[PDB]
Amino acid sequence: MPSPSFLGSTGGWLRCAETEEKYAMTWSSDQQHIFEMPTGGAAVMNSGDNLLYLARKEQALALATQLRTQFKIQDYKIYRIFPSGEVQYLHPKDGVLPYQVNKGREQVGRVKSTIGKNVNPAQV
Amino acid sequence: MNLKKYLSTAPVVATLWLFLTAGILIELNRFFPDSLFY
Amino acid sequence: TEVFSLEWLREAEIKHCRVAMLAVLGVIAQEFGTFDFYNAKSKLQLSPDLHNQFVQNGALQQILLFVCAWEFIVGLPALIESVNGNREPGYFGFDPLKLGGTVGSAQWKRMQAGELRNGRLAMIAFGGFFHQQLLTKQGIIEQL
Amino acid sequence: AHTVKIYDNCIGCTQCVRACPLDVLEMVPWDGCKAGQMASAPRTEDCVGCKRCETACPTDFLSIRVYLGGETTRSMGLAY
Amino acid sequence: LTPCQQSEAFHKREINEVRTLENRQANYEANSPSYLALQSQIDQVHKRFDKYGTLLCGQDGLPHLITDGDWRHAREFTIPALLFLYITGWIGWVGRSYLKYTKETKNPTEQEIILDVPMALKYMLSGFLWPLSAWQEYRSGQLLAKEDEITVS
Amino acid sequence: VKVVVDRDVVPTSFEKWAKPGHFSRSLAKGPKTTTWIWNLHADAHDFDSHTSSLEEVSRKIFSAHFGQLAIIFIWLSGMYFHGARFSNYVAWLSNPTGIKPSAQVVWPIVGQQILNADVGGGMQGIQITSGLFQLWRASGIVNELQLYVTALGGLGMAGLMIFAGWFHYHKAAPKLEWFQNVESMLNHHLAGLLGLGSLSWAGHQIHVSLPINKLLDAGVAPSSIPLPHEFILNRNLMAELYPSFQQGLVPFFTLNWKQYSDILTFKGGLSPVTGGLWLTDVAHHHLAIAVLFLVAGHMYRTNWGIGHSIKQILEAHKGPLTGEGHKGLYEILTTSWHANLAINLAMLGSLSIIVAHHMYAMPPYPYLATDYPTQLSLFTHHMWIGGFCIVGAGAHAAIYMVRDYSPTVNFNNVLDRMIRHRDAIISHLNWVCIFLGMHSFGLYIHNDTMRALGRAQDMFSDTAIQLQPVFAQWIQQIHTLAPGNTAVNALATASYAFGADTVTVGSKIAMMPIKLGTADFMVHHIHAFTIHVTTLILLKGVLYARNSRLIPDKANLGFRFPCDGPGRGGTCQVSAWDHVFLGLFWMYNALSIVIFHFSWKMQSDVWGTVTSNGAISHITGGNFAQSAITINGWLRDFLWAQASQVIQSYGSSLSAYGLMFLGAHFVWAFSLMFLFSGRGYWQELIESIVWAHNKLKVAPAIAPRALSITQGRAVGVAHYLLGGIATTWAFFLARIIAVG
Ligand SMILES: CC1=C(C/C=C(\C)CCC[C@H](C)CCC[C@H](C)CCCC(C)C)C(=O)c2ccccc2C1=O
Ligand code: SF4
Ligand code: SF4
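This is the structure in structure tokens:
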């Protein structure tokens, strides 16, 4: 997919990036613009969705946070596993995490006092 | 009016009082020695 | 251009123009009997360098600088607001001010009649009056 | 990795996911609060533990705790 | 350890100190006014040694003293140089405490700590007889506190 | 170019002074915390952290310019006063050698009158090392009246600048349009300030030189010195002291310039009478600089259409490795007040160092080379000034990527590349630092091992012949043969530090052909090590300030922030301001080693005495021919033998330099309280004291809290530097007075 062009190397051709899981984001980009990578200088944003490679998860979420402040665009980030497993970890509900959703659940939640008592009565 | 409020600030009051305390002691070590009587 | 700054500027002009006039009418008054008469032997004992560092006049100047302080510490708040201090000379002056305005049609602004001219004439003339007599020993060139 | 434990002090003002870098926590409908939201962290395997939610956490004693646990590649935030 | 008016090893230090000062003293002309003040300075030096001789002082020339409470040496500790520190420091402290009592009320607490009306600072002179009155008011401080402290949990 | 003024914008009222923190609404409504007390002063000068209107930021910094300028004028007006009321400059004018400098007296209160150093001239006081007497003698000042008139004339200029910084603001105010005239700004700074400044002082030392040159160097009493106006009122007096003044600006138009050769020369070297550079070479020098600046001050677009401009100049420079090079740099410097400040702090900071070097190399003032305390003090003075300035350049070149850099507005692909291949720049500098460290200090470990081990240092002598007198020796030889050959119009070298075997002595050695050897290659590489590390950490703070690999959302946090938290293994001290905080420390080590090198090597081989039965005998005779190669000699013969001149001074008048010496270690180790502990423990420490404060209700309304995490480090470096300069300040001022 047409992606922004960047010069300066650094990010690409890293063995660790090849052997480790990589992140792939995308954005609508209805208009030609110019933005900045969280790890690079400046680059021109082309029309349509744009797929890039990222080596860190915080790098994958800070770019989405930066895009939301510019214009109003829904963001999609997909997180791939080492072999070839591609799972949708960002927006599995497709609803924005701060806003309220219907699909609700509780993971790792202790409902005890506040000073301590670290024992968990039930994990699920 | 407001100049007195600036005169009533913590640094101005502190420096003014410390000037008084320091000058009294400069004049003390310059004038009479402590008599001290048993 | 601003209000509160030009206030102190025009005030300082007035607060010294009367000082720059009573001093002129004081220095001339003390030397009215010794201006000429063989040029008073180059100011005679009135030469500041001849004075004994103001031995007897120093303790007097301290008293003068003390009383003059509270005099201006009355001038600082009497200017503040119109009431009390400035209001009574206010309607006093308004008695000649009314007649002066009658002579001058609608109002005849007194500050244009002679508040700035007197204020600046006293300052400039006293600045030159202090240099010609107190800031030149060797003339070199004739002064005209 | 790190162990995320949510106190009962939650007000649901979404301060977690607002502050949180990689979205560890998540807002879930709950029936025991004023605003009606509760923070929950399913993706605790990806948590790094940067402790920026305790800053935005309002309560006298914070409502979102993350006790320091083991360290893996997901919790070290390294790109290699 | 003998007193210095009888300690022959102390007066030798006075002679030796003036001897070291004399070489600096004689290089310049005494008739000059800018160096006529050195004789007044050595007069201060001379007028300083005689008072310390009365205090028991070290045989070495290093003049020691007493803090056990011995009534012959109460001047070096107990009475003067000590009690005045306590009073003067606490005249400031209990005055500050009275200002702390009047630190509340309607006008903002921050305004009444920093930007205080100068009148409270002028009232500071109130504490002529702190002792027992301050003890009463400090009792009332502990009382009205009613053990309202921090958690420490 | 247009007179666009916004007369009256901010009124003159004491209302803002009544509110502590009027400059920020965040620092006004909530002063309930001790931390607010420190935030009020930390952000007091961070003008870009208040309002964003550049028309007001430019109208808050040019105000601070005139304010600081007024402070400097109040500072200078007192120096002429102290050298007249209580000093010895007139007696020193008659007798310059036996009378030591002094311009500060003490009072009889607590026996402190021991500080009155016996300097001579009928006046006792404290010795001075500011170069005031040399500057005043080079200015032709003789009588005390000329001091008081200059001081009273300084009061007027000092007052006018206060009434100016209070004029273009509470009274007047230029618009924002008056500041984008950078083209019109360099045309008045390089021609009106630099040009007319280098010309005005040039025209002074041509008519004021003879009261110093053709009079005070002959042997006339200060009372027999004529008046400076008597030379101008009678052109024939200047004509007799210089047989070129008879013409009086007649061959100046005829282009018969050679007839002005009695004051305008290019001799070189020093004068064997005064003790410094020629009094006639500096006049011609400033004339040459003045005309060059009158030409260089006409380079940018005014309002007539001719000349270049910072715009298209940078819009034209390209380059293969640069891509879209140099373009947009105009928008970089014309929009960010900050952006100009780093290049200024960088150039001016290196400038203070370079001029410090030019001080000792060729002494420009008469009776300055022999005055060893003043010379030693002035070099290291400007040395540390430029150290602070260059680190401030890094401090703000780090500000730019965070506060005023955008991926849409201002653009240079050069700066883009500095941030695109940013991981390569520091990688290069890193390997360079390590190579220059494991060897330069590695050789120190090596040689210090060779000595304590035995016969290894003996076999190191042949290597001691290496490196030293191998490089830079031919450069000095070039300068020996530079006059006559490559300088036909110069009868002397650039300085006598170049001319071999040529020694100029005026009862005390002025300059020496600095014969390098033994360990100058060692200390120069210790310098280069501490220079590359300083440039590395500061440039790291510059280009990593925007895009960081660890935390991608770096621009959100800020510049003077603590960190992020215990995550990612530990994110701690990652701000660019911390690269400056530690950058201050490696600059500290750099300047410390440089001042050590300069100071001690001087008396080692340069500074000394002369006798007729022999030749040259240094104060410390050629010691660092061996005591510099190892670390031990730097505290066996250097840091050890100095206690005999700083402590053995209580019996004299140099007792204060021992108290400050031993007391500077106090505040330095006091910095070891903040640079090692953490706010968490200390915040648990207050609440116990606050418990005692809640027991008697003596708890202040302002809730007691610990210092900020960043403020603690700012105070820590403040004490590490203050306590880390006052010791060498007391040391440089210790021996040089005893061995003067
Ligand atoms: C001591 C300390 C503190 C506490 C620092 C404090 C409390 C600073 C105290 C300074 C003030 C100026 C002293 C109190 C004096 C009052 C202002 C009263 C003065 C009134 C007159 C004397 C003018 C930290 O916050 C800290 C943080 C991180 C690492 C180490 C440390 C650390 O070592
Ligand atoms: S930080 Fe705590 S109180 Fe705030 S929204 Fe999250 S769970 Fe609720
Ligand atoms: S532990 Fe760190 S990464 Fe996880 S939610 Fe809290 S602040 Fe965010």
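Chains as they are written, first to last, in the authors' numbering: chain D, 6 to 129; chain J, 1 to 38; chain 2, 94 to 237; chain C, 2 to 81; chain F, 31 to 183; chain A, 9 to 748.
Virtual Cβ for every residue (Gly too), placed ideally from N, Cα, C.
Inset, instruction - Output, in chain order, the set of chain D residues within a Cβ distance shorter than 7 Å of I427 (chain A). - result: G46
Inset, instruction - Could you work out which residues of chain J lie near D146 (chain F), taking near to mean beta carbons separated by less than 9 Å? - result: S8, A10, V13
Legend entry - Minimum Cβ-Cβ distance from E41 (chain D) to chain A less than 8 Å: yes
Inset, instruction - Inspect the CB distances between the segment 527-537 of chain A and the segment 470-489 of chain A and report whether three or more fall short of 8 Å. - result: yes
Inset, instruction - In angstroms with no decimal places, state the Cα-to-Cα distance between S61 (chain A) and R67 (chain A). - result: 10 Å
Legend entry - Minimum Cβ-Cβ distance from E72 (chain C) to chain A less than 8 Å: yes
Inset, instruction - Give the DSSP bridge partners of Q38 (chain C), in chain order. - result: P30 (chain C)
Inset, instruction - Would you check whether ligand 3 has a heavy atom nearer than 7 Å to the C-beta of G577 (chain A)? - result: no
Legend entry - Rounded straight-line distance, which links the Cα of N96 (chain A) to that of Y413 (chain A): 55 Å
Inset, instruction - Using three-state DSSP, classify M42 (chain D) as helix, strand or coil. - result: coil
Legend entry - Assigned secondary structure, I220 (chain A) (DSSP; H/G/I helix, E/B strand, else coil): coil
Inset, instruction - For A57 (chain C), verify whether its CB is less than 7 Å away from any heavy atom of ligand 2. - result: yes
Inset, instruction - To the nearest angstrom, report how far apart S625 (chain A) and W439 (chain A) are at their CA atoms. - result: 44 Å
Inset, instruction - Would you give the residue range spanned by the alpha helix (DSSP H) that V723 (chain A) belongs to? - result: 717-730
Legend entry - Completely contained beta strand (DSSP E) runs for the segment 617-692 of chain A, where each covers 3 or more residues: 624-626
Inset, instruction - Within the same chain, show all residues whose beta-carbon is closer than 7 Å to that of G46 (chain D), passing over the 5 residues directly before and after it, in chain order. - result: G13
Legend entry - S652 (chain A) classed as buried or exposed, judged by whether at least 16 other C-beta atoms fall within 10 angstroms: exposed
Legend entry - With 16 other Cβ atoms within 10 Å as the buried cut-off, status of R53 (chain C): buried
Legend entry - Any C-beta of chain F under 8 Å from that of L3 (chain J): no
Legend entry - chain A residues whose Cβ lies nearer than 7 Å to that of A67 (chain D): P560, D561
Legend entry - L23 (chain C): CB within 7 Å of a non-hydrogen atom of ligand 3: yes
Legend entry - Rounded separation between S52 (chain D) and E41 (chain D) - CA only: 16 Å
Inset, instruction - Tell whether a beta-carbon distance below 8 Å holds between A734 (chain A) and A672 (chain A). - result: yes
Inset, instruction - Would you kindly check if the distance between the Cβ of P59 (chain C) and the Cβ of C14 (chain C) is under 8 Å? - result: yes
Inset, instruction - Tell me, please, whether the CB atom of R53 (chain C) is closer than 8 Å to any CB atom in chain A? - result: yes
Legend entry - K609 (chain A) - DSSP class collapsed to helix/strand/coil: helix
Legend entry - Any chain J beta carbon closer than 8 Å to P19 (chain A): no
Legend entry - Extent of the continuous alpha helix (DSSP H) to which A405 (chain A) belongs: 380-411
Inset, instruction - May I ask whether a heavy atom of ligand 2 can be found less than 7 Å away from the beta carbon of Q112 (chain D)? - result: no
Legend entry - Whole-number beta carbon distance between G394 (chain A) and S358 (chain A), since they are thought to touch under 8 Å: 6 Å
Inset, instruction - Locate the alpha helix (DSSP H) running through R103 (chain 2), then write down its first and last residues. - result: 96-110
Legend entry - Distance between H389 (chain A) and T330 (chain A) (C-alpha atoms, nearest Å): 39 Å
Inset, instruction - Can you grab the Cα-Cα spacing for the pair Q320 (chain A) / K183 (chain A), in whole Å? - result: 25 Å
Inset, instruction - Have a look at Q166 (chain F) and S110 (chain A) and give me their C-alpha separation to the nearest angstrom. - result: 59 Å
Inset, instruction - Would you kindly check if the distance between the Cβ of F449 (chain A) and the Cβ of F606 (chain A) is under 8 Å? - result: no
Inset, instruction - Put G75 (chain A) into one of helix, strand or coil per three-state DSSP. - result: helix
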